[PDB]
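Asker: In the first instance, please consider these chains from the complex; the rest will follow:
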Amino acid sequence: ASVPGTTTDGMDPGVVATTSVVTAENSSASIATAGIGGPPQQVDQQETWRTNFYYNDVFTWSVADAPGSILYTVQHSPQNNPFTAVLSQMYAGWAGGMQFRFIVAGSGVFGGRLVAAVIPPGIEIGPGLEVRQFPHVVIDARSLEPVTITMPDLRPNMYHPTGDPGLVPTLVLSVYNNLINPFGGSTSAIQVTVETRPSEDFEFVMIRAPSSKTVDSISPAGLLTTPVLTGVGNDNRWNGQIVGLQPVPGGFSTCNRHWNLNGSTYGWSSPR
Amino acid sequence: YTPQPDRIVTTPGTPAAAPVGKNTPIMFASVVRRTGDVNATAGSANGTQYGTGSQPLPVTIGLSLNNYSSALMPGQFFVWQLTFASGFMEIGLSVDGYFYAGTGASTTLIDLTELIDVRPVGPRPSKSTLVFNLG
Amino acid sequence: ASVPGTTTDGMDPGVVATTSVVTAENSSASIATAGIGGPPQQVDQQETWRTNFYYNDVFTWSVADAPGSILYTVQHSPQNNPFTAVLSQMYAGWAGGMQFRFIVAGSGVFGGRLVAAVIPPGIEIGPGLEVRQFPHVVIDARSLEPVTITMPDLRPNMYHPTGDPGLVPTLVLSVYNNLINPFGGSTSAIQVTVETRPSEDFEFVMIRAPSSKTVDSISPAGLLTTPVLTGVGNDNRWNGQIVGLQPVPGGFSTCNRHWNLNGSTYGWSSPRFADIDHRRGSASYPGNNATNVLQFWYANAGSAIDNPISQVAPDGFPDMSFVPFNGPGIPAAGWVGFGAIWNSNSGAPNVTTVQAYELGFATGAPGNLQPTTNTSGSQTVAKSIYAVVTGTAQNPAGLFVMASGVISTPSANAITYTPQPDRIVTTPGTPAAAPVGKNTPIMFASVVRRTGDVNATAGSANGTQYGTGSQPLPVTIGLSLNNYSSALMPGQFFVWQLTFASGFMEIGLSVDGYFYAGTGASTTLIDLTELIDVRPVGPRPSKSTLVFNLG
Amino acid sequence: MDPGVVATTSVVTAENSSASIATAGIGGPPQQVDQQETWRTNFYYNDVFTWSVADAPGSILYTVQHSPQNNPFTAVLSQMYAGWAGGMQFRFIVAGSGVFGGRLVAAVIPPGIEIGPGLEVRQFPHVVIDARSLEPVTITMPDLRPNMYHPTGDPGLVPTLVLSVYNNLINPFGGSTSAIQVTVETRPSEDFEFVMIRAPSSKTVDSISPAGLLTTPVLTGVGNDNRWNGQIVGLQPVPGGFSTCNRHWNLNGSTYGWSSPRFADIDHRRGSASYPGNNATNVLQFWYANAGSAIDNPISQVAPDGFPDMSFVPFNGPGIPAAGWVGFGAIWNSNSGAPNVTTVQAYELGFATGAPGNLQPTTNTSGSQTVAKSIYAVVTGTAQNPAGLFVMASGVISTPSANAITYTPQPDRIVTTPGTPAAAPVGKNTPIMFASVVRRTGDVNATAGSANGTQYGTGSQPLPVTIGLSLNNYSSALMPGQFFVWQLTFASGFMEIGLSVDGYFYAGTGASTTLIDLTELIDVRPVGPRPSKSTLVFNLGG
Amino acid sequence: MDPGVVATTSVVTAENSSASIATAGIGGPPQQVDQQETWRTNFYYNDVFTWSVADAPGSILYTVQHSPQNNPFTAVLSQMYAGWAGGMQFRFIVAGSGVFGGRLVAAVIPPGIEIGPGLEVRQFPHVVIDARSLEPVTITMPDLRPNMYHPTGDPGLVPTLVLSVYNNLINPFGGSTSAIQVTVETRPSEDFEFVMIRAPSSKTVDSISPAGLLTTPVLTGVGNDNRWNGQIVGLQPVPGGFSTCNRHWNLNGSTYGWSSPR
């Protein structure tokens, strides 16, 4: 009695594609050296946030992208999942893997393949990075079942602290083979959606008070929120409603009332 | 817009916002009234006047209280997703504090009146094209 | 034995996809809870109204819909199934889940996925809602077998009263991935049909009289039928038959006889074409001779003490900005009317001055008369367009103007529809119609006589003048009494289906009282001559584009 | 004991229940058969009929056929089922009194029998219902059919239930109370079932029997007349009768007259114009045409659309005429008409004979001529032979001084076309006429307060009723000889209002000419058809 | 038979009694549930309403909500209990006469329905009450609620009991007597229970509906006017009307005039 591949459950991983970085000794070492933070917390395997896949990002794959061109890049972090980012406000450290589910919304008439490799930490990410010379999994554009890969937690640290996570692996989806629409025309692009889920060895180690360093001090996610860019936030020059974005093709250099990510300024004005 | 990059007073020592690939620096526009026309607001028949700033005021307020040194290594963007009524587009934040969106050599002002959802996606490399399509 | 999958029975679900909320002990905690209404009514899992899937709503899925764009969202209600909606007027409360079966009309050459999530009842649904971060399933556009998604009854209440259900879960089926049609050409959309069958735990509890009134604002499907368009039914500014709809690109704002979903008006002028009467206001005339002059009446905006709705204008005074004119040349458009002057203190109207007067709102009377845009800080004005041999100059004076109006045109050939969107006055604090997506606001035209030509007939001898109004008067009459605050969820519109002789056009009605159509950037008047019948569809969100299949 | 408890109860079956269920399997399984449902174990209201003392023993009061519209919940279930079979239980509740006496017959007539005066119900298998009975009498209607099931929309031959007088109603008092009300309550029997589910879009009964068209606000809110667009504040009876045919629509899809139901405009193109006096300064313009020259009106040729159907009053000189119909308007020349600037005035229109000499009022439209004379002075007067009028549709009443003349029109001034049905008082019932407060020329500020009684203008029937009747055909929706009756409930009383096959409205006031105010009126309610011999109730607040 | 004997009796339950008691355990054990108590096995006076001949058939005479203030002993028990659940039994006693006639409708309106002129009670599951009836007609009000229990002070959605005219009252005499009195008697049902005991200092109804302010001695003893401080000996009617605004206080906390009450 069957389920049509066309439709997938949220708990359904699809086809589990393995990679040479994903091993048993890596997982056993991950748990054995994550135990220094204490017992594993939020480890109950029947929770809704641990079994279901939740949306991370979507991206466009077109026929104008050469092979080796990187389309999608995710750093290993608990901010990828929307539920481990909420559980990280009350825990002082995290350790373990994460699973990424890819759904390629192509038909049988398309051609070309994606590639998927887990970059070890310490490697620069950008153009000239040859994904296809890593341990990799190819993904066809005519794939119907979703394909999933596990990101192993390849760390030099024992655990990752919440404020400073340290060095983390990176997952890249680049063009393995050029997408080819045999037809010819303006309708030459497809979309691939990434859903993320914590693995079986993902855990948080020690608890901490949420009145500690808050979400405005560990990541700048709350600096740009929804009402700020619509009718609340003002510029740092004129005190007016931000109603547009003006691109500068030649570049500029603003010194006064401009703060970097190091909490410093080169100007002469307080932030008001 | 008045704050043209050819006339901005800058102390010696600040980093420069340079275009990285197809990504280009952006500056946050706002309607600023003039001494040529008091009643000139957005959509005026006399012509709207735009005042542009480098960062939003809540962003530079929150940047002056906290430190994100262990959040973005040099050469990485922090990217938010801005979805509109028609399309969606992405802006990114550098280490120096400048905002980067990928439009290439285009200088058209973004309308920004149909913005509905602003959400973050996390750290991304600097030499990657942020997706921009208003339709 | 063997079905191929191309043919599915009405009792056939196909593939069943439960996301994370269809649990057995949830159904057990819902069945034992709903006994507070007594024995469960209409529970028998052999009846043909609850074992077969039935049509609820069909909707299109174009290639222009971005991921996350809302295609089809319904709340948990008996109205999602036709026989359950029939028994909903028979019963007085319900509890239990419902099965939603989706059929995708797509070939194997299409591509793209459709997400489907069950929203918990406490979540406000609007622009900032992200659907794909909920427990969901995806449905491909190449789905041959139908997919059923059972929406359970998650509720903080015991049972759901039909009058006040409180908090109900919501099924949202939005775009997961862009539908691709790798072929170019005219084919850029497919269709998805939603079938609905009540679940194994659906039940009704109490009886009530057939269709007894209820706290739940009734669905506004009865205030707009077919005759309204091709028969009786008049306008808001004038009393004429609606001969067509015209789309205005940019928007407009009318706040005279306009009532919102929540029964309220922002302005004067109760919905009835009676007459215009005032008592306080001054009359004056130019010229040293009191013979063959033009009378000049004005009062300030706020002396309408007898008006029980708002003080800013007398009842029936039109919302037309004044066109300033001087001399024997008659003005271009405006609101004239056959009327007279009258004095106060038990005074009857004067015999020798009955004439056509044009009315309006001015600023700076009686000097440099200027047109007025805002109602606040203004003054109402009225002056004759023809010659009358007498003038009165008493400080207490008033008008008597018939309520039906016409448009004064100097040469009167083709002209322009009146009033324009730049000529309608507005009270402060008005809501403004804006074009959302490809949907533009529309405005209903009618045939109105002119002072230059008495024969303003729709035939030969010059094109006609189309007088335009905001919403029809039977809609305002039926909506000035009832309250529809909970009938339609804000951010969507109640869409109907007009059926012409060679096509169809969908018309939506928002929460502001305005009407929307997906004509696009066109100013072409659409003629209602071949319109046959009107069938209601129901709630549909603003991201969906209405069809414009015209012959 | 019929409470809201768990309850044992007893759902009484029918005599042919074993063969009703078995042969109704041709539609498949029986649907909505479950004996614990609370729509099947309770009696619900079906109809009320009036049993008066003036009825013969054996005269039929209440007749109804076997149908699922006899129950409020089987009729609700009937839109989603294309076929039904099974019996029904009827309960009769009498209002009655201890001092009243007389019996009734309830019996089930088998199919193939005519129902009328010749039918003798007392020899059928029946039950007897007293007037003074406390416990309501229950009868069961078996489903005696020549078919296997009754499809909705064409049910075939059905049994009939007939209520006849066994002994005539006696009141030992005398007058005052001379009628009683009996309530029929209807419950499905044991063998009642539905078969063969259908889409609810399919509908059979589309004639409410003129019902949903007259709701309550129509009278305590919106609602206008047929003469002016005035708000309805009163009903006033007239004894003797009246005739109206302008915007008066009968129960079929027809009318006898002009003037489509809309207050837009009056426009006529061809007709002669004149003015008296040798001086063409400060005169009264007089326009005339004959009856039958209206080519542009597609309904009737006798008048332009919107012309008032009143008789012209003969007046001359500077005196303002009493009563009448005036409206603001102007005269326009032909040949791509642009009107003359120097003539816009109030004009009194109407019907005369012998224009422009000795003007006499007219009663019949045949042999008459339409006239239009100004009441106020105008500085120019034309006399061109092709000329027309353009008069607004809403009108006011011209008056010499203030005070209050009478309600206008009187029943004798109203013009009729040949072939018009006349209102006649039948029994103690008498026709009514809907009143509205209208503005006048002697006093513009005719607010309903002090400074004499305000002027009342009366039309025939409400406009909502004219609009909702024009489209639909009701040739069988009301059985001739009866009227459809609504039940108005005030704050301190109630009244029954009827509606015949001719569009007229009736109330049982008798010989009284007093206006009845809908100030304290709250709600109306449909009842159904009821015969003309029954007097409508007049338990008002007085 | 309702005497002061040992008695067998019959305390008639409700249709949803199995689910009313079980879900009311969220407040703990059920309190004041004992079927031999004499405040639960007898009918007591609740309200009287006048049914006149000048009322339309279907006009609402008596409307009341499901509440423990409908019984004189559950309202007494209500000050020491912060929550109740369960049904109630209503009995209607008509004064009537043999010469009077006409029926009434008693039915339980489910929650979520407006109560007024548009409501049609005759198509509800109901009981019929004659004017000339000897034995009083009993209806049971089930506790149909969207909550588990009704806390006192904010009971939520409750069913409503509506008395409407089935057939209008007729008097074949003429004038004189043109109204009748109907007495409503109220008894708790089988599943009625209290939960979650509270201090009696807590109070909900503090407006007597202007009641305890006018007692009897106010008129046959102490009591003064608003103009002079004179003892009240009479009431005198006036036809046509009058206006007083000096020490005349309306039902809100306001007046239109001077002269504080002293």
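Answerer: Now that the structure is in, tell me what you want to look at. Numbers count the residues shown, from 1 in each chain, chains lettered A, B, ... in the order given.
Asker: next one: phi and psi at residue A:123?
Answerer: Dihedral pair for residue A:123: phi -100, psi 130, per degrees, to the nearest 10.
Asker: separation between it and residue C:273?
Answerer: According to CB to CB, to the nearest Å, residue A:123 and residue C:273 sit 79 Å apart. In this view, the C-beta of every residue, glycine as well, is placed from N, C-alpha and C.
Asker: So for the two, which sits in the more crowded spot?
Answerer: residue C:273 (22 against 10; other CB atoms under 10 Å in any protein chain shown).
Asker: which residues does the more buried one contact?
Answerer: By CB atoms under 8 Å, 6 or more residues apart in numbering or on different chains, residue C:273 lies in contact with C:239, C:316, C:403, C:404, D:229, D:263, D:394.
Asker: give the contact list for the fourth one.
Answerer: Neighbour list for residue C:404: C:238, C:239, C:273, C:337, D:263, D:264, D:392, D:393, D:394 [criterion: CB under 8 Å, 6+ apart].
Asker: and which of those residues is nearest to chain A?
Answerer: Relative to chain A, the closest of the contacts of residue C:404 is residue C:238; by CB to the nearest CB it sits at 39.1 Å.
Asker: dump the residue contacts of that closest one.
Answerer: Taking CB under 8 Å, 6+ apart, one finds C:404, C:405, C:446, C:448, C:467, C:469 in contact with residue C:238.
Asker: Tell me which residues touch the fifth one, please.
Answerer: Going back to what we said before, that points to residue C:467. C:235, C:237, C:238, C:240, C:407, C:417, C:418, C:445, C:446, C:447, C:448.
Asker: so which residue of chain A comes closest to chain D?
Answerer: residue A:1 (27.5 Å).
Asker: and residue A:78, backbone torsions?
Answerer: Residue A:78 adopts backbone torsions of phi -80, psi 0, taken as degrees, to the nearest 10.
Asker: tell me the two of the contacts of residue C:238 that are most distant?
Answerer: Greatest spatial distance among the contacts of residue C:238 (CB to CB): C:404 and C:469, at 12.8 Å.
Asker: Over to the residue most central in space within chain A. Which of the three states is it?
Answerer: Chain A has residue A:74 as the residue nearest its centroid, 3.4 Å off, counting by CA atoms, centre = their mean. Secondary structure, DSSP: H, G, I helix; E, B strand; the rest coil: residue A:74 is strand.
Asker: what bridges to it?
Answerer: Counting by DSSP bridges, residue A:74 is bridged to residue A:171.
Asker: That one and chain E: what is the separation?
Answerer: Residue A:74 sits 46 Å away from chain E, taking CB to the nearest CB, to the nearest Å as the criterion.
Asker: Likewise for residue A:58?
Answerer: Distance, residue A:58 to chain E, using CB to the nearest CB: 41 Å.
Asker: Next: residue A:241.
Answerer: Taking CB to the nearest CB, one finds residue A:241 at 43 Å from chain E.
Asker: Run through the bridge partners of that residue.
Answerer: residue A:234.
Asker: where do the helices sit along the stretch 151-272 of chain A?
Answerer: Listed in chain order, the helices of the stretch 151-272 of chain A (DSSP state H, counting those that start in this stretch) span A:215-218.
Asker: What of the stretch 1-150 of chain A?
Answerer: A:24-34, A:48-51, A:84-87.
Asker: Grab the two from the contacts of residue C:273 that are most spread out in space.
Answerer: Distance extremes for the contacts of residue C:273: the farthest pair is C:316 and D:263 at 14.6 Å, using CB to CB.
Asker: Quick one: distance of stretch A:240-258 to the chain centre.
Answerer: 28 Å (CA atoms, centre = their mean, to the nearest Å).
Asker: Start and end of it, how far apart?
Answerer: Distance between the two ends of stretch A:240-258: 17 Å, counting by CA to CA, to the nearest Å.
Asker: okay, chain F goes in next:
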Amino acid sequence: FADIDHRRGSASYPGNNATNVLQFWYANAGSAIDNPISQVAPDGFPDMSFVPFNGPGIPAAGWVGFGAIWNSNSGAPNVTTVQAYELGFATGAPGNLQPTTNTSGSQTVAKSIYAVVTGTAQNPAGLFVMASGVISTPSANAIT
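Answerer: If we add chain F to the chains shown above, we get the following:
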């Protein structure tokens, strides 16, 4: 904290000479059709009662902001009538100036506190005043 902007507010100057005159601007409340929330007053208007003051006398505990008057036919502000204008509510503008609290029947009344050469007497004129305000004090000593 945005600027105060109002169209068609009456402006005048007392006397006949236009040397060291004090600029007077007033507009009735309920006529400022500029906000989507209410028409009682323009945006950024302080909720302060006007303390009356004449001649060369600095007012006290008052909301003074830097402002100018523009012609409504063009929108261009006038050159010389840029001063620190007291912003508040008053009851009677052409006669004696008195403070007020209620908005019904009061009027938005603005007046400069230092001497301005000449001044616009145009009746449909408009008033612009910047967002933030400083304190009008007769002396250098602080108050409550």
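Asker: can you check the contacts of residue C:238 again with chain F included?
Answerer: Contacts of residue C:238 by CB under 8 Å, 6+ apart are C:404, C:405, C:446, C:448, C:467, C:469.
Asker: closest point of the stretch 101-250 of chain A to chain B, which residue?
Answerer: residue A:235 (2.7 Å).
Asker: Distance of that residue relative to chain C?
Answerer: Following CB to the nearest CB, the distance that separates residue A:235 from chain C is 24 Å.
Asker: leaving aside the residues next to it on the chain, what's closest to that residue?
Answerer: Distances taken as CB to CB, 6 or more residues apart in numbering or on different chains place residue B:53 nearest to residue A:235, at 2.7 Å, with adjacent residues excluded.
Asker: How much space separates the one you found from chain F?
Answerer: In terms of CB to the nearest CB, residue B:53 sits 16 Å off from chain F.
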